[PDB]
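Asks: Encoded as structure tokens, here's the structure I'll be asking about.
Every number here is computed from the coordinates shown, using simple stated rules; none is lab data. Here the Cβ positions follow ideal geometry from the backbone for every residue, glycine too, while neighbour counts run over all protein chains shown.
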Amino acid sequence: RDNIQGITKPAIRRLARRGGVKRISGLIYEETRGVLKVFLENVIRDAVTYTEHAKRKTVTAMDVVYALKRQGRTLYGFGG
Amino acid sequence: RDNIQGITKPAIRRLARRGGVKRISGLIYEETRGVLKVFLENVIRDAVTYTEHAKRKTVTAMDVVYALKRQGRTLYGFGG
Amino acid sequence: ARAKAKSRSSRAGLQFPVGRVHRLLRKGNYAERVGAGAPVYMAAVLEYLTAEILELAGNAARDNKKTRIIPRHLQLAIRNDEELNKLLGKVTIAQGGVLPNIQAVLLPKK
Amino acid sequence: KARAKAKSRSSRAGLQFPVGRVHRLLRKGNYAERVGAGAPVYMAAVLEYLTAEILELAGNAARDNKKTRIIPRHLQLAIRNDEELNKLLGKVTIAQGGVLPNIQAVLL
Amino acid sequence: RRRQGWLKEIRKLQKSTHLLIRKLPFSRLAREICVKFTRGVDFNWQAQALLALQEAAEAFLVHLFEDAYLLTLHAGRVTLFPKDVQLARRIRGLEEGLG
Amino acid sequence: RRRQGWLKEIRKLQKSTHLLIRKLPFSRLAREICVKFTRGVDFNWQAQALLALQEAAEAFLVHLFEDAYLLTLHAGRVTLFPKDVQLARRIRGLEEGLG
Amino acid sequence: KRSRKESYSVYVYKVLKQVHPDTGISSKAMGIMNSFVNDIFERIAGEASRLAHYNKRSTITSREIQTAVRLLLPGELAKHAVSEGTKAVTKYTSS
Amino acid sequence: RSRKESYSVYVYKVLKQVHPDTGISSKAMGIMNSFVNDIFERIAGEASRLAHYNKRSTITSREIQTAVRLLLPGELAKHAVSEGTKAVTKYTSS
DNA sequence: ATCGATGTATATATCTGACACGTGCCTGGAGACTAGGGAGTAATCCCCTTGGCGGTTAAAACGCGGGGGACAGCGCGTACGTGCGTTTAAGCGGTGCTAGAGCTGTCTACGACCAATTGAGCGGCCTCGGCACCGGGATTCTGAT
DNA sequence: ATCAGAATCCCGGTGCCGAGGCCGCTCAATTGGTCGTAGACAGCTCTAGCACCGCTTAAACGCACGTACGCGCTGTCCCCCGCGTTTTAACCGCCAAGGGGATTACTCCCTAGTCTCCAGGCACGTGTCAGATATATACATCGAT
């Protein structure tokens, strides 16, 4: 069982039901997992770069909030 | 002759021919004039405030390029 | 020997602390000098923005029969009002679901 | 006399971009309280690399047009024909520039 | 015997780089818009600023028309409709569409 | 005995506030993505960082799915296809959509 | 020992208990308000700093913050903010 | 009077090194000049935010290094890091 | 089911204005030296993250059957490109005028900075209530009856 | 036309843990002088932006018309959802260990700052060639027969 297979198909359908989607194609799962992988790849790359500059070895919440702040999607609720 | 018709039908047709549009509905002219008008209001308000801060009365190229920079569409070739 | 120490906020009559905003502007390297009225103006703008979001949040919480603000009400309050939404469209809200809505063609019968 | 002959710091780096002008702009830029010594040299290397690569793409784009003088059309064609630069310079609009010669796939 | 002649026009405009709207309608439209925000005072304009405004506006409208044409092609249509440009403006960035 | 029940599900899930994807697969996915950049050194994670990552990723995916739903609705279908979500990722641009 | 770790929480308490007497707030919403006020602070301060640098002045005075707040928030929100700022400096310059 | 400093001459020299016989018009030189100022302002913004986030007061070469790694995508940044290393290894001598 | 008219691409002549190069200059970069504090590094504490184990249970997975909807195709009407003749307004030159942009010189209000003081605000701790959950009764849609 | 059943919503009752109040403290905000320079301001000089006008011509415009294409409709078949059953991994609680985050002390090197000197880059000319346009030639491409 690969590591992207932890993203289950009822969960992706739950994301679609939040989005107002009535029906879901059987082919959507691979591309949705792919877009999740590329998005998380770019964000985790940004946050781990911020960690490596500070000479720390642990991604704290501040690194995730700054890394998302530099991609144009700032998140509120975890400190400033 | 009202001034919004100075942006002519062949000019918008040429803009669509640059965009790859092969066939053009006749109702598109009023809506395209609408989006052009909203865009011009958005940029001109910010550039006029940038002129108003310097206690000047002439819109220079630096203030219009800064106003385009604050909307997230930077423009090259007219100063920094 | 000297006069009684008054906060500068009481000179402005405002609730956001001008002294802390002045300390943040001095160590923030924005400019080499800081004018005297600029942190007062900042305190006013922040006071009004907090008052706007809290007023919409309190009405949004009272609409859900609740007397204590959870982030769900803050999200709903921000996104219903267009003017704040334009400012806050670019910001994700934690613990925040999307507005209760559905596109009109999906509702088949009335 | 006792004062040595002046070497520019760009000549110490073997680079063309002006190190001293960048040091003055970092001092008046006010991004940081203090300015470290090796940081404008590192930045200057980064700009030399960017200008050299973009000018190389511009020169090849000029050779495709059989011209030897660079027009903004050459920069526009050089910039969007490179995907890593397309991610870099997607958001900038280039003055005196056209669009790519891209006709959509329903040509028949 | 005319079959299709738009192809010469589209490739000729995508290989030319000149400006597409005449300078004077854009000029008087810009001055009529500018007097509406500065409370009736008349402003002067540098020529390079007005030229830069026309370059930015024309590039933005060209990109918006490519976006709406991808929306036409996705729904099975071939002619550009106003609902397509409306949906393109909504699906674009909320900040970018209207400030 | 079979009735359609998507309407109660959509009405119930759009008023929810808890995180909707399972937490632990998301956690090991973030760790297995993280190990590809620090050259095999095991990094530690605070819990609040993974919680913030889940919040940002889930809101972004919901925005992407509604906009691609506008695309699928536009074609007269009601089912969301992979060509629509790919087209919406192209139309959001290079900085917000691909990355 | 621990550091002070300053924040904006108590002012959200005072403005909340002034605008609404009987309404409470959770700690996660308090943190979300804290990050919100820090973010909008950084945008307004970055706007005033860039604009002061563009016109070759070196001081941030109230005029630069005025043009910045009119420039960044969209519409009549900024208009009311200009009104409150003028009223605030009207009170502040008295003493 | 006014000096109006521009990077025109440095763009001309690097152009002369990479392509010997290629010229440049004034509008494309202005395009290059505003381009260099723009990439400068982005890198300075990354150095300012990272110096303030980690409670450091000075930008050293490490800050610019992680900033250029963060802002430019992919292998272009890596080769820029290579260029910076070859710059610093010759700067510290003599 | 091949050949001819013409749109389309390219070579040649012949200039102009912009371009690349030369020159004087001034101000900004460089050299040398000093002072002071930012930060590098080592040591230590504890915390909180990771790792592990056992059981639970709701969720995932899988299969099956039914029907809503995607898709290809056909006819109709409408609206759009193209061609041709008319107009009109944009652009270009040419002059002229003056508001306002830019620089220079003076001065003062305003803001940086330091030391003593004190209270506003922050960490820690405690209590009770808004809220989370469950159960019973009125309300509401479906689709058989 | 008409309601049993399931579902939904509302309301009463219970319990708990996080919010809000309280107290000690410490360092940051405030006050009071002091000193220096950014900018406000007055004034003067001059470019360039606006206004006007003639003239030409390319571009805009209106209409007629044939036809490409949007759209409603229909049939077919396919693939997705609801439901039921079996399996499994997330989850919760507990616990231990140790890597590492966080803090403090100590030290020293790097950089702000000052002063002098000189050369790189910028304003201003200037001579000359790449690009623009016109013209001639041929290739390809569509149309005719």
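Asks: For region E:16-32, check the following and say yes or no: at least one residue is assigned to a loop (DSSP other than H, G, I, E, B), more than 13 Å from DNA strand J (Cβ to nearest atom) and surrounded by 13 or more Cβ atoms within 10 Å (Cβ to Cβ).
Replies: Within region E:16-32, the subset assigned to a loop (DSSP other than H, G, I, E, B) is E:16-22.
Still in the list and also more than 13 Å from DNA strand J (Cβ to nearest atom): none.
No: region E:16-32 contains no residue that is assigned to a loop (DSSP other than H, G, I, E, B), more than 13 Å from DNA strand J (Cβ to nearest atom) and surrounded by 13 or more Cβ atoms within 10 Å (Cβ to Cβ).
Asks: Given the conditions (1) facing chain A (nearest Cβ under 7 Å); (2) part of a helix (DSSP H, G or I), which single one is not true for F:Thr38?
Replies: (2)
Asks: Considering region G:12-48 alone, what residues qualify as being in contact with an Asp or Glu (Cβ under 9 Å, 6 or more places away or on another chain) and within 13 Å of DNA strand I (Cβ to nearest atom)?
Replies: Correct list: G:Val15, G:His20.
Asks: Looking only at region G:71-95, filter to residues that are within 21 Å of C:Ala12 (Cα to Cα) and under 13 Å from the mean Cα position of the chain (by Cα); which one of those is surrounded by the most Cβ atoms within 10 Å (Cβ to Cβ)?
Replies: G:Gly85
Asks: Let me ask something else. Evaluate the following for F:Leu61: is it surrounded by 14 or more Cβ atoms within 10 Å (Cβ to Cβ), assigned to a helix (DSSP H, G or I) and facing chain A (nearest Cβ under 7 Å)?
Replies: Details: surrounded by 14 or more Cβ atoms within 10 Å (Cβ to Cβ): yes; assigned to a helix (DSSP H, G or I): yes; facing chain A (nearest Cβ under 7 Å): yes.
Against the criterion (surrounded by 14 or more Cβ atoms within 10 Å (Cβ to Cβ), assigned to a helix (DSSP H, G or I) and facing chain A (nearest Cβ under 7 Å)), F:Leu61 qualifies.
Asks: Same structure, new question: Mind listing whichever residues of region H:50-71 are closer than 13 Å to D:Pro40 by Cβ and within 10 Å of DNA strand I (Cβ to nearest atom)?
Replies: Answer for region H:50-71, where residues must be closer than 13 Å to D:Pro40 by Cβ and within 10 Å of DNA strand I (Cβ to nearest atom): H:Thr58, H:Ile59, H:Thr60, H:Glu63.
Asks: Tell me which residues, restricted to region G:59-70, are within 12 Å of DNA strand J (Cβ to nearest atom) and either surrounded by fewer than 20 Cβ atoms within 10 Å (Cβ to Cβ) or more than 8 Å from chain C (Cβ to nearest Cβ) (or both).
Replies: Kept after step one, since they are within 12 Å of DNA strand J (Cβ to nearest atom), are these residues of region G:59-70: G:59-64.
Scanning region G:59-70 gives G:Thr59, G:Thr61, G:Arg63.
Asks: On to the next question. Looking at region B:18-59 only, could you name the residues that are touching a strand residue (DSSP E or B) at 6+ places or on another chain (Cβ under 9 Å) and either farther than 19 Å from E:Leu29 by Cα or within 11 Å of DNA strand I (Cβ to nearest atom) (or both)? Before you say what the answer is, go through the steps one by one.
Replies: Here is the first cut: in region B:18-59, the ones touching a strand residue (DSSP E or B) at 6+ places or on another chain (Cβ under 9 Å) are B:19, B:21-25, B:28, B:44, B:47-48, B:50-51, B:57-59.
Answer for region B:18-59, where residues must be touching a strand residue (DSSP E or B) at 6+ places or on another chain (Cβ under 9 Å) and either farther than 19 Å from E:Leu29 by Cα or within 11 Å of DNA strand I (Cβ to nearest atom) (or both): B:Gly19, B:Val21, B:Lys22, B:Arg23, B:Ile24, B:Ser25, B:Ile28, B:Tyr50, B:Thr51, B:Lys57, B:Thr58, B:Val59.
Asks: Which one of the conditions (1) in contact with a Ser or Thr (Cβ under 6 Å, 6 or more places away or on another chain); (2) more than 7 Å from every other protein chain (Cβ to nearest Cβ); (3) over 24 Å from E:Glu66 (Cβ atoms) does B:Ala47 fail to meet, given that it meets all the rest?
Replies: Going through the list (1) in contact with a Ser or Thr (Cβ under 6 Å, 6 or more places away or on another chain); (2) more than 7 Å from every other protein chain (Cβ to nearest Cβ); (3) over 24 Å from E:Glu66 (Cβ atoms), B:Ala47 breaks only (1).
Asks: Let me ask something else about it. Identify, from the list F:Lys15, F:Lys36, the residue that is closer than 30 Å to A:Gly20 by Cα and not hydrophobic (A, V, I, L, M, F, W, C).
Replies: Working: F:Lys36 fails: closer than 30 Å to A:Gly20 by Cα.
Exactly one of F:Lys15, F:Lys36 is closer than 30 Å to A:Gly20 by Cα and not hydrophobic (A, V, I, L, M, F, W, C), namely F:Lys15.
Asks: Return yes or no: is G:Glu6 among the charged types (D, E, K, R) and more than 9 Å from DNA strand J (Cβ to nearest atom)? Can you show your working first?
Replies: Details: among the charged types (D, E, K, R): yes; more than 9 Å from DNA strand J (Cβ to nearest atom): no.
No, not satisfied.
Asks: Within region C:62-81, restricting attention to residues that are polar (S, T, N, Q) and within 10 Å of chain G (Cβ to nearest Cβ), which residue is nearest to DNA strand I (Cβ to nearest atom)?
Replies: Looking only at region C:62-81, we keep the residues that are polar (S, T, N, Q), and these are C:64, C:67, C:75, C:80.
Restricting the remaining residues to those that are within 10 Å of chain G (Cβ to nearest Cβ) gives C:67, C:75.
Numbers: C:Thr67: 5, C:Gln75: 15 Å.
The qualifying residue nearest to DNA strand I (Cβ to nearest atom) is C:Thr67.
Asks: List, please: which pairs have Cβ atoms under 7 Å, are six or more places apart or on different chains, and start with a residue in region B:1-29 that is more than 7 Å from chain E (Cβ to nearest Cβ) and end with one that is assigned to a helix (DSSP H, G or I) and aromatic (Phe, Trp, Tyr)?
Replies: Here the result reads B:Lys9/B:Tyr29; B:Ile12/B:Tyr29, each pair linking region B:1-29 to a residue that is assigned to a helix (DSSP H, G or I) and aromatic (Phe, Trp, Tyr).
Asks: Could you check region C:2-41 and list, in sequence order, the residues that are aliphatic (A, V, I, L, M), surrounded by fewer than 14 Cβ atoms within 10 Å (Cβ to Cβ) and more than 8 Å from DNA strand I (Cβ to nearest atom)?
Replies: Answer for region C:2-41, where residues must be aliphatic (A, V, I, L, M), surrounded by fewer than 14 Cβ atoms within 10 Å (Cβ to Cβ) and more than 8 Å from DNA strand I (Cβ to nearest atom): just C:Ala3.
Asks: Determine whether E:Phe81 is within 12 Å of DNA strand I (Cβ to nearest atom), over 30 Å from B:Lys57 (Cα atoms) and either at the interface with chain B (Cβ under 9 Å from one of its Cβ atoms) or within 18 Å of the chain's Cα centre (by Cα) (or both). Lay out the reasoning, then the answer.
Replies: Working: within 12 Å of DNA strand I (Cβ to nearest atom): yes; over 30 Å from B:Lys57 (Cα atoms): yes; either at the interface with chain B (Cβ under 9 Å from one of its Cβ atoms) or within 18 Å of the chain's Cα centre (by Cα) (or both): yes.
Spelling it out, E:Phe81 is indeed within 12 Å of DNA strand I (Cβ to nearest atom), over 30 Å from B:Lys57 (Cα atoms) and either at the interface with chain B (Cβ under 9 Å from one of its Cβ atoms) or within 18 Å of the chain's Cα centre (by Cα) (or both).
Asks: Moving on to the next point. So for region C:34-47 (the condition being of a type in the set (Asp, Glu) and either under 26 Å from G:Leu73 (Cα atoms) or touching a residue at least 24 places away in the same chain (Cβ under 8 Å) (or both)), does at least one residue qualify? Can you show your working first?
Replies: To start, the set of residues in region C:34-47 that are of a type in the set (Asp, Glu) comprises C:47.
This time we only want the ones that are either under 26 Å from G:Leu73 (Cα atoms) or touching a residue at least 24 places away in the same chain (Cβ under 8 Å) (or both), so: C:47.
Scanning region C:34-47 turns up at least one residue that is of a type in the set (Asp, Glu) and either under 26 Å from G:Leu73 (Cα atoms) or touching a residue at least 24 places away in the same chain (Cβ under 8 Å) (or both).
Asks: Still on this structure: Among what's in region C:90-109 and is not in a loop (DSSP other than H, G, I, E, B) and not β-branched (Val, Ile, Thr), pick the residue that is surrounded by the most Cβ atoms within 10 Å (Cβ to Cβ).
Replies: Going residue by residue through region C:90-109, those that are not in a loop (DSSP other than H, G, I, E, B) are C:91-93, C:104-106.
Of the ones still in play, those that are also not β-branched (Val, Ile, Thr) are C:104, C:106.
On the way: C:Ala104: 7, C:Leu106: 15.
By that ranking, first place goes to C:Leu106.
Asks: State the number of residues belonging to region A:2-30 that are outside any helix (DSSP H, G or I), away from DNA strand J (no atom under 11 Å from the Cβ) and in contact with a helix residue (DSSP H, G or I) (Cβ under 7 Å, 6 or more places away or on another chain). Can you show your working first?
Replies: Looking only at region A:2-30, we keep the residues that are outside any helix (DSSP H, G or I), and these are A:2, A:7-8, A:19-27.
Keeping just the survivors that are away from DNA strand J (no atom under 11 Å from the Cβ) gives A:2, A:19-20.
Now restrict to residues that are in contact with a helix residue (DSSP H, G or I) (Cβ under 7 Å, 6 or more places away or on another chain): A:19-20.
Looking only at that region, the number is 2.
Asks: Tell me, yes or no, whether region H:46-58 has at least one residue that is over 20 Å from A:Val48 (Cα atoms), at the interface with another protein chain (Cβ under 7 Å from one of its Cβ atoms) and without any contact (Cβ under 8 Å) to a residue 24 or more places away in the chain.
Replies: Going through region H:46-58, the residues over 20 Å from A:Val48 (Cα atoms) turn out to be H:57-58.
With the extra rule that they be at the interface with another protein chain (Cβ under 7 Å from one of its Cβ atoms), the set shrinks to H:57-58.
Applying the additional criterion that residues be without any contact (Cβ under 8 Å) to a residue 24 or more places away in the chain yields H:57-58.
Taking every residue of region H:46-58 in turn, at least one turns out to be over 20 Å from A:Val48 (Cα atoms), at the interface with another protein chain (Cβ under 7 Å from one of its Cβ atoms) and without any contact (Cβ under 8 Å) to a residue 24 or more places away in the chain.
Asks: Considering only region G:46-53, I want to know if a residue exists there that is more than 10 Å from DNA strand J (Cβ to nearest atom), farther than 25 Å from D:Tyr31 by Cβ and touching a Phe, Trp or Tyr at 6+ places or on another chain (Cβ under 6 Å).
Replies: no
Asks: Next question, about the same structure. Within the bounds of region F:17-27, is there any residue that is more than 30 Å from E:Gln86 (Cα to Cα), among the aliphatic types (A, V, I, L, M) and free of Cβ contacts under 8 Å to residues at least 24 places away in the same chain?
Replies: Initially, region F:17-27 is screened for residues more than 30 Å from E:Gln86 (Cα to Cα), giving F:17-27.
Cutting the leftovers down to among the aliphatic types (A, V, I, L, M) gives us F:19-21, F:24.
Those left that are additionally free of Cβ contacts under 8 Å to residues at least 24 places away in the same chain: F:24.
Yes, that holds for at least one residue.
Asks: Identify, please: which residue in region B:52-67 is in a helix (DSSP H, G or I) and surrounded by 23 or more Cβ atoms within 10 Å (Cβ to Cβ) and is, among those, farthest from the chain's Cα centre (by Cα)?
Replies: Filtering first and then ranking leaves B:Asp63.
Asks: Please work out which one of (1) at negative phi; (2) near DNA strand J (Cβ under 10 Å from one of its atoms) is the condition A:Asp46 fails and give its number.
Replies: Only one criterion is unmet by A:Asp46, namely (2).
Asks: Looking only at region C:2-19, count how many residues are facing another protein chain (nearest Cβ under 7 Å) and either among the hydrophobic types (A, V, I, L, M, F, W, C) or in a helix (DSSP H, G or I) (or both).
Replies: Qualifying residue count, region C:2-19: 4.
Asks: Identify, please: which residue in region G:13-42 is within 13 Å of DNA strand J (Cβ to nearest atom), surrounded by 15 or more Cβ atoms within 10 Å (Cβ to Cβ) and more than 7 Å from every other protein chain (Cβ to nearest Cβ) and is, among those, nearest to C:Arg26 (Cα to Cα)?
Replies: Only one residue tops the list, namely G:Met33.
Asks: Would you point out the residue of region F:33-42, among those that are within 12 Å of DNA strand I (Cβ to nearest atom) and under 23 Å from the mean Cα position of the chain (by Cα), that is surrounded by the fewest Cβ atoms within 10 Å (Cβ to Cβ)? Break it down into steps so the answer makes sense when it comes.
Replies: The initial filter retains those residues of region F:33-42 that are within 12 Å of DNA strand I (Cβ to nearest atom), namely F:34-35, F:41-42.
Right, trim to under 23 Å from the mean Cα position of the chain (by Cα) and you get F:34-35.
Numbers: F:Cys34: 21, F:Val35: 13.
Step by step, filter region F:33-42, then rank; the result is F:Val35.
Asks: Now, a different point. With the requirement that a residue be facing chain G (nearest Cβ under 7 Å) and more than 8 Å from DNA strand I (Cβ to nearest atom), what does region C:48-61 give you?
Replies: Taking region C:48-61 and keeping what is facing chain G (nearest Cβ under 7 Å), we get C:48-51, C:54-55, C:58, C:61.
Correct list: C:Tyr48, C:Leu49, C:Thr50, C:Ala51, C:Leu54, C:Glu55, C:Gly58.
Asks: Going by what's in this entry, would E:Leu29 be described as out of contact with any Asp or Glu (no Cβ under 6 Å at 6 or more places or on another chain) and away from DNA strand I (no atom under 11 Å from the Cβ)?
Replies: Working: out of contact with any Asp or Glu (no Cβ under 6 Å at 6 or more places or on another chain): yes; away from DNA strand I (no atom under 11 Å from the Cβ): no.
So E:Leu29 fails the test.
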